[PDB]
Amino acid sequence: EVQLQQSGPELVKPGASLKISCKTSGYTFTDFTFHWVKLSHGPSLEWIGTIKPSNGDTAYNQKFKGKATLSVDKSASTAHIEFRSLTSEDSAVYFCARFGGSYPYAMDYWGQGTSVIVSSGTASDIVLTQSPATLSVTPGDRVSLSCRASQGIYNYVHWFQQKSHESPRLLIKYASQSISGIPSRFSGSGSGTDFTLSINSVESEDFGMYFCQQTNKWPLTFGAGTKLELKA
């Protein structure tokens, strides 16, 4: 059993530095690249950066270059992210994820997330357009979620489900490849710029947020999400 275990909730003063951790179990730590993702309101997901644990090589989203430093402790099989000059804008849930599984790899295992509170006291990036932004349906309806890329990205699109108070869960990788344990009602299609996630019959347990992600170009990017909700 593979697991990514993150350190507990944090609450800090503005201007502080903070190091949060992600400890692995059940596999060889140096196998797969680690990624850090910031969850903000919407919910919205942003990719911070990545570290290759075998040699410590990194790649960052330019937006977070002056803010976060990724590192690994190979002897402790633990990945770390260190923030500096923390402000109210950094209050968020931060997730660690590994980019692994059967080849070709994707963000298959995620940490449970770490809530970070910064207390007030007493241009060429691939754009992913998701539509419809909201789908209000009754269980048993058949739905299709769209993800349109700003330029051709071949089959480098992955789909995630994010339910309230939970970590993102990989549903489909590389536009159409199925994931072990994911129910057969979820399927994906598309290549180039138009990608579709289909849910053959919406179940009550499917309500939540759906995000698409591209991994063809740096920085890795997410769509703004489609909210799948119960029709009033």
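The first residue of the shown sequence is 1; numbering continues from there.
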item	value
Mean C-alpha B-factor comparison - 104-112 and 145-153, higher one	145-153
Between the two ranges 163-171 and 48-56, the one averaging a larger CA B factor in the entry	163-171
Most elevated Cα B-factor in the entry, residues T196, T28, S201, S176	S201
Residue, from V137, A97, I81, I117, that the PDB entry assigns the highest Cα B-factor	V137
Cα B factor band for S131 (lowest, middle or highest third within the chain)	middle
Third of the chain, ranked by Cα B-factor, where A16 sits	highest
CA B-factor placement of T69, once the chain's modelled residues are sorted into thirds	middle
Third of chain Cα B-factors occupied by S91	lowest
Relative C-alpha B-factor of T33, binned into the chain's lowest, middle or highest third	lowest
